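We give structure tokens for two forms of one protein chain below, kept apart as structure 1 and structure 2.
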Structure 1
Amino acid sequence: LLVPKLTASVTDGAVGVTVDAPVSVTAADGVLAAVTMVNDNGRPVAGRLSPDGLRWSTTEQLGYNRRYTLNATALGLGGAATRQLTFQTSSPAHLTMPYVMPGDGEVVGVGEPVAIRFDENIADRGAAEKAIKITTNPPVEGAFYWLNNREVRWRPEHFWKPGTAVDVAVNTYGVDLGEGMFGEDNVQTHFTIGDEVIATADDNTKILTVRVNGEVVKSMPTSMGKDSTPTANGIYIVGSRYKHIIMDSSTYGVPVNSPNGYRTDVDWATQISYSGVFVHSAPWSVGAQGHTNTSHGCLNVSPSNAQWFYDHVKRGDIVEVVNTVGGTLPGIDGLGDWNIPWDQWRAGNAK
């Protein structure tokens, strides 16, 4: 003797409906005979009705600042039911776009953190972290930590195991990231951890030793930072690499015209900190390399050793500098994540 029932995921009259989720309508004691959704201009949204006729759902992205009208009719054996629902979606003050590293499909070293950089300051860090789904295989515990107002990083306690798949789903579209700011879009990346490559620069020997899966494969005489501009000790993540680059001290805050400044074109340069530490070709210091520290902070090595390093070291490999007269690389450098104690990194700084 029964009347079909409709259940929609939105209510007639709702405002600030968030656009992170599809809109659905379900029939009970009947099936769906017509479902249309239309924006404020009359333009159809459309979606998919399940084969059994019980569940309809939008299949495309719904937009910010829209007024949508949903019409639905369920026919039962015991009669009909029609509903019309009109609702408004979120109206952002601003949009932020995330950027993920490392690159999709890349193979990286064991020190590569997952990085989500937003193009605006994030007022609700908690909401951002909750929108980011990380899958690891083999599964391994990790945690988020913020390097600044825009960039959050995720990593395990220890260096990744080689062969780990890492999947990163940044599901920020439709999510309120605080003070009126909503994600511009979703982004996705997937990467894999490659060989373990750790290079150690010991100031006691002035040798940079590259170890691949625990074996020494290269031993590089090096000249590090002179006593007045020493190389900071600690763990550096390998970033980008250049056949040649102009090193401009202005990039890192220091005027070229200034006393500690510089502008020099160099070869075979591998970046290991945002503060501007590189491993690079230094033909002028070949005689100092292995003996005395002469640089601004860079790991000077021979031209063939620098090119070797460019060819054999990858994004996410590790350089550890030890025994220098300098301090420790900042944990928030950009490439100094591993210098923050796990207890502190785990507890995070979302609040």
Structure 2
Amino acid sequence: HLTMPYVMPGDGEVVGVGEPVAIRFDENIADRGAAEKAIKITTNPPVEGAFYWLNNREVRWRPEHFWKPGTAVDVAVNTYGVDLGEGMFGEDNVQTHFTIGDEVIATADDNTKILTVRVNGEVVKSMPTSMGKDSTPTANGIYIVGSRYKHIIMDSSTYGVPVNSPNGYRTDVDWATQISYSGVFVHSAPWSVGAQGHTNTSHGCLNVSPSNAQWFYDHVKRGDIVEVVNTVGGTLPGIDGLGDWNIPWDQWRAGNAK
């Protein structure tokens, strides 16, 4: 009858200007209202924010606009003794403190096939890219940078596409930075260096050169932003997991506490 909340980002972490507060419970939350009420978020400098639920176990909090660099955020999840619906109570209280680093926004424009990385508004890298081919396009929208891996395999069956099927793959990649839960990454793609900056050839991933992918791995952090524009795809869903900013503020603010 007890649920434990888990908070992200981590205590003491430095994250980019797109990082939402995430509170995930290990059980379904029958009373979203009570859960929201038990969560106290303080910012310095102070900024307005609001809760939106991604699913029945995880709520997000963010401002209307990207964080200001240098902002300190304090999260207190006070669920001990709170009925979070239908006799489910907090196992414990949780606190986290984190801070916002530099503004890092990397824009991938399908018209130019360049991923340009801007730090506090200035261009620091211009990276030729090859994005999703027309039949398997990269969605447009604002993606929040998640985890990074020096080497992993991306396997399409994770996303319900069989490896043996036309859009299927089971691909070893170096220097992979995850930017959607739907399985978009920025990663090293020696195999598309010819096409980078010219033609889209991937299943959705942002292919860049090995040196550029390594740079991105080394310099871009959780919470930084990749914005994709002008592709033939749709828009990354607001409830992707890293797609929070694609929900307009009016709708986000209104919430879904129901």
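Think of the rigid core as the biggest set of C-alphas that the two forms share within 1.5 Å after superposition. Structure 1 provides the reference sequence; residues are numbered from 1 along it.
For the listed set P259, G105, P138, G214, the sole C-alpha moving 2 Å or more between structures 1 and 2 on a rigid core superposition is that of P259. Relative to the superposed core, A169 moves its CA by 0.4 Å between structures 1 and 2.
Aligning the rigid core between structures 1 and 2 leaves the CA of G180 offset by 1.4 Å.
The rigid core superposition between structures 1 and 2 gives a CA shift for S250 of 2.6 Å.
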